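Quick note: numbers below take in every heavy atom, side chains included, and nothing from hydrogens, waters or symmetry partners. In the text below, chain A, chain B and the rest are named by the order of the sequence lines, each starting its count at 1.
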Number of protein chains: 2
Amino acid sequence: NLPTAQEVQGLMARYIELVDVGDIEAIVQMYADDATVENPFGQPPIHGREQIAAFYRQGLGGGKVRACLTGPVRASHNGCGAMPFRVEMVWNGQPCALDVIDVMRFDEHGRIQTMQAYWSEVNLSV
Amino acid sequence: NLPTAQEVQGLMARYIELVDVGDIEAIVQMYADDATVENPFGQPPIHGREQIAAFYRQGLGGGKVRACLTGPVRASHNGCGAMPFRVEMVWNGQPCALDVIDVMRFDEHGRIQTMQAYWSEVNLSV
Ligand SMILES: C[C@]12CCc3c(ccc4cc(O)ccc34)[C@@H]1CCC2=O
Ligand SMILES: C[C@]12CCc3c(ccc4cc(O)ccc34)[C@@H]1CCC2=O
């Protein structure tokens, strides 16, 4: 919980950039060795870098996916933040957009220790 | 964890409407009797309707606080949702805005069991 509120905003905005460019390896480097991801929130967690890498490779490696912040990063003083963003993709030739909110907790080294993504079919658009 | 994702979106949007009008009575009844609120996230939890009512009583006090959703409510399938919104008030003279993200978990009765508000000074503008 060492990153400042300002640092958290920057780290979170960076993450979106890496997702937008699709640099799978740079995204995985942002996560702690033992990070846990819940995406979508409510599903069993993804534990560790190896499994976390598989998620991003499978989700971003495929077609063309774009991601943009749709509002400012809300940052707390205990190394946590939440951000609203939109993910654009094509599903079976159908152009789609998914609205998502990610909540992240960072460790003392500025690495993502926990990530939870809030979204469901209700957040899907065309 | 029983309201559907569509129900969560409705409940959360209603909450913003009540905050906007300042209906402190209706807000408190949205909460479970032993609910917990962490606002701002990082600060110690306020528990139970009495304490929660005090928060809204003093925060929305006079009636010069406006609140509006600034994007869709993201809802999961386990009774949780997260939403982006802006609060407008006055800092002893000059009008300012605060960008916040609320994450809420609902119970089998459609009542807010837990609420966490993400924000800090980095989200305050004049
Ligand atoms: C995996 C995915 C692309 C990336 C992505 C999704 C959902 C939530 C995300 C949250 C992130 O923080 C980063 C990327 C995604 C989509 C779900 C459907 C899809 O194609
Ligand atoms: C209390 C407050 C007005 C309402 C409000 C604030 C912060 C987080 C909130 C979260 C809510 O879910 C509902 C209302 C607020 C502001 C903090 C400074 C202020 O004037």
Review point. Can A/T114 and A/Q116 be said to form a side-chain contact (heavy atoms from CB on, under 4.5 Å), step by step?
Key: CA-CA 7 Å; A/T114 294; A/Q116 294 149 337; 4.2 Å; yes
For residues 96-104 of chain A, dump all side-chain donor-acceptor pairs below 3.5 Å to protein atoms at least two apart in sequence or in another chain.
{"from": "A/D99", "atom 1": "OD1", "to": "A/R86", "atom 2": "NE", "distance (Å)": "3.0"}
{"from": "A/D99", "atom 1": "OD1", "to": "A/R86", "atom 2": "NH2", "distance (Å)": "3.1"}
{"from": "A/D99", "atom 1": "OD2", "to": "A/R86", "atom 2": "NH2", "distance (Å)": "3.1"}

Under 4.5 Å between any side-chain heavy atoms of [X] and [Y], yes or no?
X      : Y     : result
B/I27  : B/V19 : yes
A/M83  : A/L69 : yes
B/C80  : A/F41 : yes
B/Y118 : B/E38 : no

Review item, side-chain donor-acceptor pairs of residues 55-62 of chain A, under 3.5 Å, at least two apart:
{"from": "A/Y56", "atom 1": "OH", "to": "A/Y15", "atom 2": "OH", "distance (Å)": "2.4"}
{"from": "A/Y56", "atom 1": "OH", "to": "A/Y31", "atom 2": "OH", "distance (Å)": "2.6"}

Practice item. Could you tell me whether B/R49 and B/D33 make a salt bridge, using a distance below 4.0 angstrom between a side-chain N and a carboxylate O? Key: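 Judged by the 4.0 Å cut-off on N to carboxylate O distance, B/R49 and B/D33 do not form a salt bridge.
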Where the side chain of [X] meets the backbone of [Y], is there a donor-acceptor pair that is under 3.5 Å apart?
X      : Y      : value
B/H47  : B/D34  : yes
B/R66  : B/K64  : no
B/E7   : B/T4   : yes
A/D107 : A/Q113 : no

Practice item. Begin from the C-alpha positions of A/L11 and A/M30 and carry the test side-chain contact (heavy atoms from CB on, under 4.5 Å) through to its verdict. Key: CA-CA 9 Å; A/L11 278 159; A/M30 279 189 91; 3.8 Å; yes
Point to revise | Euclidean distance, B/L18 CG relative to B/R14 CZ, rounded to 0.5 Å | key: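 Atom-to-atom, B/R14:CZ and B/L18:CG are 4.5 Å apart.
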If you compare all heavy atoms of [X] against all heavy atoms of [Y], which two are closest, and at what distance to 0.1 Å?
X     : Y     : answer
A/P72 : A/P84 : O-CD, 3.5 Å
A/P3  : A/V8  : CB-CG2, 3.8 Å
A/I16 : A/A67 : CG2-O, 3.8 Å

**Study point:** More than 12 heavy atoms of other groups within 6.0 Å of B/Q43 CD
**Key:** yes
**Study point:** Criterion side-chain contact (heavy atoms from CB on, under 4.5 Å) on B/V90 and B/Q94, from CA distance to verdict
**Key:** CA-CA 6 Å; B/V90 140; B/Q94 200 78 168; over 6 Å; no
Point to revise | Any side-chain donor near an acceptor of the partner, A/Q29 and A/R111, under 3.5 Å | key: no
Run the side-chain donor-acceptor check on residues 119-126 of chain B: report pairs under 3.5 Å with partners two or more places apart or on a different chain.
{"from": "B/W119", "atom 1": "NE1", "to": "B/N39", "atom 2": "OD1", "distance (Å)": "2.8"}
{"from": "B/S120", "atom 1": "OG", "to": "A/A75", "atom 2": "O", "distance (Å)": "2.7"}
{"from": "B/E121", "atom 1": "OE1", "to": "A/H77", "atom 2": "NE2", "distance (Å)": "3.3"}
{"from": "B/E121", "atom 1": "OE2", "to": "A/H77", "atom 2": "NE2", "distance (Å)": "2.5"}
{"from": "B/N123", "atom 1": "OD1", "to": "A/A75", "atom 2": "N", "distance (Å)": "3.4"}
{"from": "B/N123", "atom 1": "OD1", "to": "B/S120", "atom 2": "N", "distance (Å)": "3.2"}
{"from": "B/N123", "atom 1": "ND2", "to": "A/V73", "atom 2": "O", "distance (Å)": "2.9"}

Review point. Given A/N78 and A/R105, is the side-chain contact (heavy atoms from CB on, under 4.5 Å) satisfied, shown in steps?
Key: CA-CA 8 Å; A/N78 65 156; A/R105 176 174 211 92; 4.1 Å; yes
